[PDB]
Amino acid sequence: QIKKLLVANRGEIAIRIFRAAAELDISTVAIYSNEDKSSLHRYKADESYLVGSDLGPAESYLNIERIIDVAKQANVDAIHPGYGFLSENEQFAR
Amino acid sequence: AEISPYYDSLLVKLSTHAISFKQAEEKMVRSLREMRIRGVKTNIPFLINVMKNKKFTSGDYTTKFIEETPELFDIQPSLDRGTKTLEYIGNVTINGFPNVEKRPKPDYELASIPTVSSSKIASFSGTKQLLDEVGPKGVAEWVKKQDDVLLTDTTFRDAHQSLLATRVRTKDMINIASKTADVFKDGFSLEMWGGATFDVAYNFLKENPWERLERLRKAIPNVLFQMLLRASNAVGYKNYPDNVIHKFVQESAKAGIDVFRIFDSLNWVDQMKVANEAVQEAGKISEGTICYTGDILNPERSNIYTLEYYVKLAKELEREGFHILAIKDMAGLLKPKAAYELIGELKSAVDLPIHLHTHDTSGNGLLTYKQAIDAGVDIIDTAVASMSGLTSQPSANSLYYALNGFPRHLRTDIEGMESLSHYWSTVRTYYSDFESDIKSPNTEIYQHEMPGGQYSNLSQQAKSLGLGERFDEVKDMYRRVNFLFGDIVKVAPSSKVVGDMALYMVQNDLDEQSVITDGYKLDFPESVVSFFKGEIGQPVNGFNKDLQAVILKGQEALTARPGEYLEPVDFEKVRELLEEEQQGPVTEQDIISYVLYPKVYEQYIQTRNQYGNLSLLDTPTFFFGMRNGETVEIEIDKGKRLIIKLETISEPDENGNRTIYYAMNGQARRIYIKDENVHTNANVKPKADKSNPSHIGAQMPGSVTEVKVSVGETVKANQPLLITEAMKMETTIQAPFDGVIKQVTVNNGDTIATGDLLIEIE
Amino acid sequence: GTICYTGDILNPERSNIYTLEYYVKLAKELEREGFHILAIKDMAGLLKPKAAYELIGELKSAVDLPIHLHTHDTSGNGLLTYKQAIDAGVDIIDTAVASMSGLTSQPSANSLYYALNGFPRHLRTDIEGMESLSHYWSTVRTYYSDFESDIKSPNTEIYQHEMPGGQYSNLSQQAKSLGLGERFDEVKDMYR
Amino acid sequence: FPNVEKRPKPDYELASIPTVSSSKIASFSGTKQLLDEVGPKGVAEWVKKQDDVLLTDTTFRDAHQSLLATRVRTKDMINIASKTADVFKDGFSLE
Amino acid sequence: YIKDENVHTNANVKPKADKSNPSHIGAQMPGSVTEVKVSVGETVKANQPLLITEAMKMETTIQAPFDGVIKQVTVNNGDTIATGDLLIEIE
Ligand SMILES: *C(=O)CCCC[C@@H]1SC[C@@H]2NC(=O)N[C@@H]21
Ligand SMILES: [Mn+2]
Ligand SMILES: [Mn+2]
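Residues numbered from 1 in each chain as written, not as in the entry; some residues may be left out. Chains lettered and ligands numbered in written order. Part of a larger assembly, values for the part shown. Heavy atoms only, no water.

- As stated in the entry header, the method of structure determination is X-ray crystallography and the reported resolution is 2.710 Å.

Given below as structure tokens:
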């Protein structure tokens, strides 16, 4: 029932979630920041979007609004928060 | 390291593991699909088919599984988008681009691009929404009601067809599409298709013009799209049966064309019926066009091209039921006062709205528009400042301000136009290799009447025949040819006829009398004989019977428009051929594109297969490739982009093949490209293995004077197989044993060094 | 006696100083000084067509001096301004040979000659001669390609910043040659 | 040479130089002659009377100051002087 | 005068064409000679290919302006040329 997945995260966990989604024929979406325009998880998804030029380094995986803005612009059904960012965030999930 | 045939072939052993046969099975195909090996062929797609197979996932299978399941040897070809992109950039980087001055990729002005939110654009209701609302008859009635002067922008088509040999790529157009949509929100239409764009898109720029139409369509959904349609052959290069015109119109309408400016290059109405009908069946706006020549101000110019001729012609186009009347002044001949008198009369004579197109080649362009506006013209063709002037349209930016304090306003957004102008000024920089010769207004236009570009094209052509010092005579002859042929409208391809004839007459010391006297022993240019056969149609005054005779040497001329002679094209047959030649996914747009441009279209495809969608490259990269250390970012789709870094290029090997070291988004990557050195001496030879009896090496630095053997030659020991040059001294290299040559590392004239491998013999 | 043109007499919001009445008064004053001719020097090509008609229209009444008009075609409305000046009764205009005209230069004489066809007033000159000179200058100009301006198109922003003749491209180089050649936008606005 | 791109002498098209004899020009009588006969005020008077628009050419001055940083040399002006004398024989002035 | 024994192959300096001479055919653009199609003493017709050049990956074929005779061929295959160099003289 899930067509597209977005991972609100980076690095090994992102790639990991991507790999499962792919094995489930689910299309993948990745987010990245400025110094992560190199990080490998960006290239392991079907689609990759920058979370706002403006948004800095750590804060850009925290920005609830901008990340959801991305999720809409792609028609994503589901977000996997991974671990250690918005993964425990209440406001983000709501 | 390479693979030897002496051990059983094992590339990689792959193993998957999970809770269920279903999950491990889908773990396997996933890892199989990520697998990529090159330089050799693999059993990869085979296994993929095996895993996917329901009978394998069933578990019930036996040893006879492969022999009984014939689908497993039916594997689909594997293209690679990314590699082909690397291949293109590599080629252009090393061996340059045709007609582009081989220079290091320039560091242009950045000049970032103005954009507008697509949700805002979606809220705009312009002339496109008006066509969908009130039909083509109703758009016309709306136009003639507008007190403001409505503009058509020509930046996407005519503007660069004039100034840049039509080289402006889709990429630069799509980049400002959203800004343009806002800027021209109240515009009548954007001219973005037809003329040379079809031809030039497929051939030179190697991009699909249909893609350009379709993408601009989505991005600019509020303004009318307009194309220029030549009555005889839509956008082709020869003649066509009527069903080719119809098809192309139907499919042009479907992909987003709303306004078709239909013109005949002789103002022959009868050749304009097909395009007209077709456009009407498509429910789109059909613009009926009068081309301007002569000078209605001057009664000595012609007894034919008078005010009464244009009036008569206009009323015939009205009874033909064109929704709009276009005046195509393709040579910028419409003088200010002429404009005011012509339009004024045309307003009174017909009820159609008048749409005026001029070129600024005399420098009086804006004056002409200003006068036309005064006389009540409904629509004019303009371009943004930086893409205007000279052989292009008059500038919209300045027309805007030129009108200040006069009783009629040009309905547009200047602020926007300034911005568009800035964008087009930086972008034009990319096209510097295709800049026109012309840098100045030219009023000799008014005597020889060469349209658009030609007065430079023909000078180039006249220099080729060594008449460079006698161009005035050529220009003089062009004018005489016009009267010799009976005073004709001169637009492609009729103007080509006159230029060809003129070149021909000057080159052959021929005048109006000798062309008839000696004509029995003269091979007149194909374009004139063609013209005198009836193949562009009928010129207003007809053909001079004796001049026709002398040129035709007894060939029949047509007794009707070129169209009625040809069989309808069997399009099913066209589809059959294409689907066989290609994969499978073929469309109607593919079909007429083939019909209209067979050889060109076939070449577009061989390029698509080899290099992919070149139209997605930014223009600098497309023309120059990449320099060392550079990173470029190629937009494939929303969220899908290739980040490529060129790291270094190696010296060429013994085959002139250079190795490019790329990084393609996170991955190391190596590509090979043959370098056309221009001469051969810079090739890096492999060092001979010294303790190898097969490998023959070079004993001294020298040259390859002569090559005597190639791959697969068998002669006895002591055969003189390679002649060298030590230092003004020839030494004849001989074979140590009877055997066969495996590799010859050199060709005649290559520099060699001490210990370089030359020959290998078994 | 020369009057340099700035502002825009067509736009009452542009200036309550550089109005028609200011120009008339300055003309009458220069006539009082005993100049033999009245020049209008439009150095920044700011004399819009309808403004030309009105200004020269009003000046012919105010003073008895013949009027000598000089503009630059930097906005691309040069010829229009001239044609409109001629309708207003202007005596002498500054033109240049086609191949030496346009953009920051004066309007093309060659172009004006024909532009006026059908109109009440003819340009007194020899086009066949002008065409012939034009060709000559077209080749000679070629010897000076290292000195060509960067300007290859008309610029209507001159109505905002009023930068005279050359300056625009000159001032861009200074900006580049000072590490501001990116933000020439704010320079243009700062000039204004 | 200053401000000139160090490169081998570029190829130039041949300039046909149209030429008028000095006696044909010595016979002309234009605005120069009028000033000698009538003075500045008379020249002004004569201008006011003319129907035609009169012109002042700027090729030798303001045209190349605008387009070519005023670099046009005497020599290039000198070569067409005699043709210019003829073309603009009815001109008001030459800037 | 000493002939250089192919130690540059193409770095021969071509005399520039007298542009006011009809018999002189000069190079319109910089580029390379791809194929010499005629030699000295040969009779040619008008519009006959004499020479093929390659400028920027584009091949132009240089043709005889008038019926006549080749009197000097200035280039060989592979030689580079600059705008204005004499290539052929025909009468
Ligand atoms: C030199 O030929 C390098 C290959 C570049 C090919 C490109 S693709 C589009 C242009 N059309 C064409 O025939 N070649 C150019
Ligand atoms: Mn056109
Ligand atoms: Mn000035």
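**So, the sheet that holds strand β3 (residues 43-44) of chain E**
All names here are of chain E.
Then, number 1: Spatially, 4 strands are ordered β1-β8-β6-β3 in an open sheet, and the strand pairing comes out antiparallel. The sheet is open, and its two edges are formed by β1 (24-26) and β3, each paired on a single side.
Then, number 2: As defined by bridge partners, strand β6 (residues 68-73) adjoins strand β8 (residues 86-90) across 3 bridges and the pair is classed as antiparallel. For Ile70, the partnering residue across the bridge sits in β8 and is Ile90. (Pairing = 2+ DSSP bridges. Helix = DSSP H or I, 4+ residues; strand = E, 2+ residues; numbered from the N terminus.)

**Topic: the domain arrangement of chain B**
By a widely used convention, the size of an interface equals the accessible area lost when the partners come together.
Then, number 1: Domains assigned within chain B are domain 1 (78-96 + 614-762), domain 2 (129-434), domain 3 (435-559) and domain 4 (560-613).
Then, number 2: Its C-alpha centre places domain 1 of chain B at a distance of 51 Å from the equivalent point of domain 3 of chain B. (Domains from an automatic or database assignment.)

**Brief notes about the coordination of the manganese ion (ligand 3)**
Then, number 1: In this structure, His70 of chain C (NE2), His72 of chain C (NE2) and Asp62 of chain D (OD) serve as the protein donors to the manganese ion (ligand 3), at separations of 2.3 to 2.4 Å. With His70 of chain C in strand β3 (residues 67-70) and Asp62 of chain D in helix α3 (residues 62-67), this pair bridges two chains.
Then, number 2: Among the residues examined, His70 of chain C registers a relative accessible area of 7% and is labelled buried.
Then, number 3: Judged by its relative accessible area of 4%, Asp62 of chain D is buried. (Donors = N, O, S within 2.8 Å, 3.2 Å for Na, K, Ca; no water. Buried < 20%, exposed > 50% of the residue type's maximum accessible area, 1.4 Å probe, protein only.)

**Re the pairing of strand β7 (residues 354-358) of chain B**
Residue and element names in this part refer to chain B.
Then, number 1: Burial runs high along β7: 5 of the 5 residues are buried.
Then, number 2: Burial along β7 is two-sided: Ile354, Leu356 and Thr358 and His355 and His357, pointing in opposite directions, are all buried.
Then, number 3: Direction of pairing for strand β6 (residues 324-329) relative to β7: parallel, over a ladder of 5 bridges. Residue pairing in the sheet places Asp329 in a bridge with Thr358 of β7.
Then, number 4: Each parallel crossover has a hand, and for β6 linked through helix α15 (residues 336-349) to β7 it is right-handed.
Then, number 5: Here 2 bridges tie β7 to strand β8 (residues 379-382), and the two strands are oriented parallel to one another. Following the sheet pairing, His355 is matched in β8 by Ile379.
Then, number 6: Handedness of the crossover joining β7 and β8 through helix α16 (residues 365-374): right-handed. (Right-handed = clockwise from strand over helix to strand, strands pointing away.)

**Describing the interface of chain D and chain C**
Then, number 1: Facing 49 residues of chain D, the contacting portion of chain C comprises 44 residues.
Then, number 2: For the pairing of chain D and chain C, the buried interface totals around 4,300 Å² over both sides, and the portion due to carbon and sulfur atoms is 61%.
Then, number 3: Per-residue buried area on chain D facing chain C is highest for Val53, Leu67 and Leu68 of chain D; these three make up 17% of the total on that side.
Then, number 4: In this structure, the connection of chain D to chain C is made through 2 salt bridges.
Then, number 5: Among the salt bridges present, the one from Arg124 of chain C reaches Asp52 of chain D, with a minimum N-O distance of 2.9 Å.
Then, number 6: Connecting chain D to chain C are 22 residue pairs in polar contact. (Contact = heavy atoms within 4.5 Å. Buried area = accessible area lost by both parts, 1.4 Å probe. Salt bridge = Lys/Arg side-chain N within 4 Å of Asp/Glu carboxyl O. Polar contact = N/O pair within 3.5 Å; in protein donor to acceptor, adjacent residues only side chain to side chain.)

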